[PDB]
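Results of the structural survey
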Amino acid sequence: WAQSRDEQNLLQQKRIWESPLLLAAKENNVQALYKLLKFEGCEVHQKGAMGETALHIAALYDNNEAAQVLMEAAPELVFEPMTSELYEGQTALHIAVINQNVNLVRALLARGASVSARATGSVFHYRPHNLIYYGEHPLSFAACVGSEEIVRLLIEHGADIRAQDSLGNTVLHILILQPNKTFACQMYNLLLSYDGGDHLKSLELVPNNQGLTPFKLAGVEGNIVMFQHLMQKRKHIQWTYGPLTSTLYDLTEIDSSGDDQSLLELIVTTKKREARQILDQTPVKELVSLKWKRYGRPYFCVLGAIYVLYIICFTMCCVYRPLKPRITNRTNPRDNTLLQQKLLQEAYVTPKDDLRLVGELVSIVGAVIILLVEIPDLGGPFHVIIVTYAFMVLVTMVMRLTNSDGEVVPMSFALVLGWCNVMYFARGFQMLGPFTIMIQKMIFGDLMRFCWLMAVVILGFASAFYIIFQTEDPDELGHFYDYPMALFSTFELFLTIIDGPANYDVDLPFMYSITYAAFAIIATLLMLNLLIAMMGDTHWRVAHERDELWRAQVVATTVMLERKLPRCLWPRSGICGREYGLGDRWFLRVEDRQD
Ligand SMILES: C[C@@H]1NC(=O)N[C@@H]1CCCCCC(=O)O
Ligand SMILES: [Ca+2]
């Protein structure tokens with residue numbers, strides 16, 4: 001697709017060269033325009049490759065003199081849009097506004113150029129392959145280029161500030177997506193000066209297509225300067241006492257009032273890393289910290305202690321499995337067999353089997369409660385593991401009443417997944433909070449690397465060892481008696497967790513010694529190169545990323561507890577302004593001291 005516009009831009013230059021009229025508009029050749037327009041009559045309404053006219057070209061390459069000749073000879077060219085799909089709807093005013101040719105913009109508005117002309121072409125879409133997004137209407141173009149002179153000039157000729165684009169963005173929504181945050185604030189206020197001024201139907205209230213007010217969209221995008229600027233409109237200073245200043249905050253669009261209306265709801269769910277810095281701002285960080293000091297952290301430990309006991313209950317039923325002898329003399333055929341099956345679905349006969357029964361009941365009513373609170377739909381795996389555990393418990397009860405060969409298989413998965421999910425609660429316990437994020441974040445980046453290389457390394461060394469020792473006999477060495485043991489023993493050899501094959505009475509093959517020396521070296525190199533390469537995440541910037549991602553996890557977990565738990569506990573944050581002076585809204589008291 002990108003080659004098409006590359007072809008079309010190259011094609012347009014060819015059509016500009018071929019057409020002697022369009023070339024004069026590109027090169028500002030006033031002398032040639034008069035000879036073509038007047039003496040040797042040429043098609044003045046000439047359409048170019050991009051469906052453009054000579055006036056579109058005269059505005060692209062800032063040539064006011066050539067543009068004025070075309071308008072004095074054919075003033076209807078001003079209203080003509082670009083017919084091409086890439087530039088559907090663009091007019092010569094859009095081009096003159098974005099190039100800040102005020103004299104051409106002034107002269108174009110004299111011809112009555114439509115200020116409501118929408119530029120709906122594909123190069124004007126809010127897409128990553130487009131380098132800018134200024135909206136559709138010419139007023140938003142002037143707002144994004146920072147030309148305040150053209151902005152008021154377009155308003156004077158009847159520009160509507162409430163104009164929404166394809167994505168329902170008002171001119172305020174578009175300014176927040178612009179890079180220059182420090183200069184767009186002054187431009188932002190200039191547009192609000194032409195607002196209706198009434199307390200209702202303010203332009204700051206018109207939401208996005210995704211249901212986002214300009215204030216709320218600024219927080220999601222991570223725009224700090226606009227979020228700070230928009231905050232002045234909703235904070236009220238109570239009094240000034242020396243260095244102390246007590247400020248009251250409106251807290252309306254920030255708190256979790258509506259189901260999805262909450263701004264905090266949007267900050268924890270969005271993918272932008274810059275949005276993490278919004279909960280550090282001075283309306284939010286005081287709020288989210290008060291929600292964690294009281295009603296947040298204490299309930300998390302309560303739910304933590306409950307889940308830990310529930311796992312101990314399930315763990316106790318797994319250590320006290322049904323017990324039974326082997327009931328078969330199968331142990332001698334394939335004499336390596338070591339099993340003593342213990343499965344028997346006795347009716348009751350319970351001196352203490354009823355004790356583990358209610359534990360199997362707690363585990364069932366627990367796994368079904370777990371499965372009925374998460375499936376009715378950062379903390380990713382630690383919430384996908386619990387449902388996998390609850391799945392295993394229900395499958396284990398289906399392994400019961402069927403008592404298949406692998407009774408331990410789905411039950412063993414529930415033990416590791418049940419305990420390794422207890423360190424989910426690490427996110428709210430100070431010391432190991434960021435630590436769990438550390439072990440969680442590398443499982444993707446620094447684990448898949450060196451794992452695909454460890455796996456590929458053993459498939460060369462493990463397969464060698466089997467060749468060296470299927471000629472020998474499994475009786476004395478036996479580390480590589482079949483192929484699966486060759487892979488599994490060498491894997492353990494890679495981590496040095498087993499002792500390394502060594503038999504000094506017998507004589508080992510002369511190929512084992514050379515291969516293992518190379519294995520012992522390579523296994524240490526890739527092991528040391530896992531350590532020092534995984535060490536790069538120790539920059540003092542990561543010192544924030546270790547911590548400020550843990551604070552983000554605490555804030556994200558704080559939002560989780562308040563949504564599901566009833567309103568009887570965890571009252572609404574702040575103080576309701578009703579029964580005070582500020583009508584039925586909730587406010588937060590924050591006082592500071594400036595040095
Ligand atoms: C230069 C082209 N010639 C023309 O007459 N209009 C085009 C303007 C190019 C703007 C592309 C904006 C974008 O990347 O979306
Ligand atoms: Ca050892």
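Residues numbered from 1 in each chain as written, not as in the entry; some residues may be left out. Chains lettered and ligands numbered in written order. Heavy atoms only, no water. Residues with missing side-chain atoms left out of burial classes, pairs and counts.

As summarised from the PDB record, the model derives from X-ray crystallography at a stated resolution of 3.246 Å.

Helix and strand counts for the chain come out as 24 helices and four strands. Rg of the C-alpha trace for the chain: 36 Å, well past the compact-globule value of 25 Å for 595 residues, more than 25% over. Principal-axis analysis of the C-alpha atoms places the extent of the chain at approximately 110 × 75 × 55 Å. (Helix = DSSP H or I, 4+ residues; strand = E, 2+ residues; numbered from the N terminus. Rg over C-alpha atoms; globule rule 2.2 N^0.38 Å.)

Summarising burial for strand β2 (residues 244–249): five of the six residues are buried, a large majority. The antiparallel hairpin formed by strand β1 (residues 235–241) and β2 contains two residues in its connecting segment, where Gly 242 sits at a positive phi of about 60 degrees. (Buried < 20%, exposed > 50% of the residue type's maximum accessible area, 1.4 Å probe, protein only. Pairing = 2+ DSSP bridges.)

Turning next to the UniProt feature "intramembrane region" in the chain. Following the UniProt record, the feature "intramembrane region" maps to residues 483–502 here. Between the end C-alpha atoms of residues 483–502 there is a gap of 19 Å, over a span that is 60% helix and 0% strand. (UniProt positions renumbered as here; feature names shortened; annotations may be inferred.)

Right, let's get into the packing of helix α21 (residues 451–470) against helix α23 (residues 510–531). Packing of α21 against α23 brings their axes to within 11 Å, and their N-to-C directions diverge by 165 degrees. Here α23 runs roughly antiparallel to α21, going by the angle between their axes. Crossing handedness for the pair α21 and α23: left-handed. Across the interface between the two elements, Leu 453, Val 457, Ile 458, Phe 461, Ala 464, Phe 465, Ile 468 and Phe 469 from α21 touch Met 511, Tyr 512, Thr 515, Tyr 516, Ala 518, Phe 519, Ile 522 and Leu 526 from α23. When grouped by side-chain class, the residues that make up the contact of α21 with α23 number 15 nonpolar, one polar and no charged. (Axes fitted to C-alpha atoms, helices over the stretch in contact; angles between N-to-C directions. Parallel < 35°, antiparallel > 145°, perpendicular 65-115°, else oblique. Left-handed = near helix turned anticlockwise from the far one by under 90°. Contact = heavy atoms within 4.5 Å. Nonpolar A, V, L, I, M, F, W, Y, C, P; charged D, E, K, R; others polar.)

Turning our eyes to something else, we now look at the pattern of salt bridges. In this structure the tally under the stated criterion is 20 salt bridges. Between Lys 201 and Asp 198 there is a salt bridge, with the nearest N and O atoms lying 3.9 Å from each other. On the basis of relative accessible area, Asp 198 is assigned to the partly exposed category, the value being 37%. A salt bridge links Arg 585 to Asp 250; the nearest nitrogen and oxygen atoms lie 3.3 Å apart. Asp 250 sits in the buried class, given a relative accessible area of 11%. A network of salt bridges, in which partner residues are shared, links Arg 356, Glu 360, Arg 400 and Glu 407. (Salt bridge = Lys/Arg side-chain N within 4 Å of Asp/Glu carboxyl O.)

So, about the site of ligand 1. The full set of residues close to ligand 1 is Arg 5, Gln 12, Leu 60, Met 82, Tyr 87, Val 123 and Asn 130. For ligand 1, the accessible surface in isolation is 410 Å², of which the surrounding protein chains cover 76%. Tallied by class, the residues present in the shell around ligand 1 amount to four nonpolar, two polar and one charged. (Near = heavy atom within 4 Å. Areas by Shrake-Rupley, 256 points an atom, 1.4 Å probe, with all protein chains shown as cover.)

Our focus in this paragraph is the packing of aromatic side chains. Summed over all chains, the structure comprises 28 aromatic pairs. Note on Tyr 134 and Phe 141: the rings are 6.2 Å apart at their centroids and 75 degrees apart in plane angle, and the pair reads as edge-to-face. Where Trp 292 meets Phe 300, the ring centres are 6.2 Å apart and the plane angle is 55 degrees; that geometry is what we call tilted. Assessed through its relative accessible area of 3%, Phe 300 is described here as buried. Through successive ring pairs, a cluster of aromatic residues spans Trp 292, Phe 300, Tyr 307, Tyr 310, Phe 314, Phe 382, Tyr 389, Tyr 424 and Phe 425. Sitting above the plane of the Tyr 61 ring, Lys 26 keeps its charged end 5.4 Å from the centroid. The side chain of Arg 234 reaches across the aromatic face of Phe 215, ending 3.9 Å from its centre. (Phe/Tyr/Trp six-rings, centres within 6.5 Å; stacked < 30°, edge-to-face > 60°. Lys NZ or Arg CZ within 6 Å of the ring centre and 35° of its normal.)

A word on the packing of helix α3 (residues 30–39) against helix α5 (residues 64–73). A pair of packed helices can be characterised by two numbers: the angle between their axes and the separation between those axes. Viewed as axis vectors pointing N to C, α3 and α5 meet at an angle of 20 degrees, and their least axial separation amounts to 10 Å. If you check the angle between α3 and α5, you find them roughly parallel. Once α3 is placed against α5, the crossing between them reads as right-handed. Contacts between α3 and α5 involve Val 30, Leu 33, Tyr 34, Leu 37 and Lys 38 on the former and, on the latter, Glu 65, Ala 66, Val 69, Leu 70 and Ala 73. Residues of the contact of α3 with α5, tallied by class, amount to eight nonpolar, no polar and two charged.

One ladder, built from six bridges, connects β2 with strand β4 (residues 586–593); its direction is antiparallel. Following the sheet pairing, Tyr 249 is matched in β4 by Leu 588.

Here we take up the nonpolar core. Within soluble globular proteins, side chains that are nonpolar generally end up buried alongside one another. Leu 55, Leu 70, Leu 108 and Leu 154 are the most contacted members of the largest nonpolar core, which has 90 residues in total. For this core, the element with the highest residue contribution is helix α11 (residues 181–193), accounting for six residues. Residue contacts for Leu 55: discarding those within four places in its chain leaves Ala 67, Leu 70, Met 71, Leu 77, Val 78, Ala 92 and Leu 108. Membership of the second largest hydrophobic core comes to 28 residues, among which are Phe 300, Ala 367, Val 393 and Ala 414. (Core = buried A, V, L, I, M, F, W, Y, C linked by side-chain atoms within 4.5 Å.)

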